[PDB]
Each structure stands twice: as C-alpha cells, then as structure tokens.
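Residue numbers (the working numbering), protein chains in the order written: chain C, 8 to 114; chain S, 8 to 114.
Here's the structure, in structure tokens; my notes come after.
Protein chains: 2
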Amino acid sequence: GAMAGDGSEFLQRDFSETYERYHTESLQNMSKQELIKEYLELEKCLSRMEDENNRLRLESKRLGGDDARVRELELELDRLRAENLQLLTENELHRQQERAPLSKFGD
Amino acid sequence: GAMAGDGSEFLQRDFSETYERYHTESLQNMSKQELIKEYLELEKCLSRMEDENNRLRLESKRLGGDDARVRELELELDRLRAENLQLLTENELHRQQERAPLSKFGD
C-alpha cells in the first residue's frame, strides 16, 4: 500500500471569497444544485419583476389619481353651467327682447 | 504502487437536476463562488425590488393621474363662478332692490 499516502483528495478549495455576507456561508454550504434551482426561480422572478419594475417605476411616477376629483369637478361644472344657463337665459330675457322685460311691478 | 487503483477520486456527482433550463448547464458550469457573488447582488436586488414592487404594485393600481385635469376643472369652476357672480349679482340687482331695477328704456 502506498507509504501512508493519505487520501487527502479534497477538491480545489477555490472558495477564496473571504467575505461574510450573512448568507455567504449558507450559500457556499448549500449544494450548487439548490443554488441553481433557486436561481431559475429567483432569476425568473427578478426577470419578471424587471419587466414590471421598469414599467411600474415609469408609470407610477407618471401616475397620480384624481379622476374622481376631476369627475366631481366636471359634475360641479355641469352644475355651475346649470346656473349659468338659468342666469344668462334670464339676463338675456331682460336684455334680448328690448322694451319687453317681464312687466314686473317695476313702475 | 497499488494494483492500478486509478485516481477516480471524482467528487459526488450529486447533480441530479436532469433538467435543461437554458442556463442550467451554464449555472452548474459556473463556480459556486460566482453563483454566490451574483446571489448577493441579484438577491439584494430582488430584495430591494421586493420592497419597491410591493409598494409600486400597491400604489400604481391605486394611482391615476388627473390632478391637472382637476386643476383645469378647478380653474374652469372658478371661471364659471366668475360668471355666476356676474349673473347672480345682476339677477339680484334686478331682484334685490325692489321698484329699483336700472331705469333702462323699458317704458
């Protein structure tokens, strides 16, 4: 048998990331397969969230939310126009028809 | 020397992911360190994008964008109120002061 010849066939400990992000260990201590499985999920997730995020961020900033106030204002305007009509039509009724103004007990 | 023995000390090929997502190979063919490095980025990215996505999605849907239409309508209303004032004030000028209406050439 080889003179001792310890079976130290450890794979390349190329893990040189002397960094300790809370999940770094767990990330290295996980099996590459799993990390990959979560990549297909997390990656596709971020990918899908990129499509949305792109739009979302562009839309949101370009979004507000006031159409109901608008509507109330349009309804209000149609309401004021109601009075405008009532008042102008009367003003006109005094103005348009000369020498005609409703013969009220003016004199 | 050992009777051939062969150095077949290959690590456990526990890569049972018999799946071929376009990046699966490349994902396994990358070094775990790198996959981890991109996790710290992609993960924190998705983390940040989760915070925003959450709000964004909640906000966007609950957002619109009409305040300027609103404003135009408020300006419009103030405008109509301008007339309402002009017309009501005149209607009143005919109504309020009895036996007083501007002695126009009515008679």
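We put the CB at the ideal spot given by N, CA and C, even for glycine.
Residue environment, residue i, which counts as buried when at least 16 other CB atoms sit within 10 Å
| i | result |
| --- | --- |
| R76/C | buried |
| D73/S | buried |
C-beta atoms of residue i and residue j nearer than 8 Å
| i | j | result |
| --- | --- | --- |
| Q35/C | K51/S | no |
| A11/C | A9/S | no |
| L49/S | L53/C | yes |
| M56/S | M56/C | yes |
| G71/S | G113/C | no |
| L42/C | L42/S | yes |
| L84/S | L47/C | no |
| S67/C | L109/S | no |
| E97/C | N60/S | no |
| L80/C | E81/S | yes |
| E16/S | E16/C | yes |
DSSP bridge partner residues for residue i (one or two, in chain order)
| i | result |
| --- | --- |
| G71/C | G71/S |
Chain-ordered residues of the segment 53-79 of chain C with a beta carbon less than 9 Å from chain S: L53, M56, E57, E59, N60, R62, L63, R64, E66, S67, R69, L70, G71, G72, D73, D74, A75, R76, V77, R78 and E79
When you compare the segment 82-96 of chain S with the segment 85-99 of chain C, are there three or more beta-carbon pairs, one atom per stretch, that lie closer than 8 Å? As far as the Cβ criterion goes, the segment 82-96 of chain S touches the segment 85-99 of chain C, which means the pair count is three or higher.
Check distances from the C-beta atoms of the segment 94-111 of chain C to those of chain S and list, in chain order, the residues that come in under 7 Å. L94, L95, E97, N98, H101, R106 and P108
Mind checking the segment 25-36 of chain C against chain S and listing, in chain order, the residues whose C-beta falls within less than 9 Å of any C-beta there? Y26, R28, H30, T31, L34 and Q35
Interfacial residues, the segment 10-23 of chain C to chain S, with Cβ spacing under 8 Å: Look at the segment 10-23 of chain C: the residues with a C-beta under 8 Å from a C-beta of chain S are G14, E16, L18, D21, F22 and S23.
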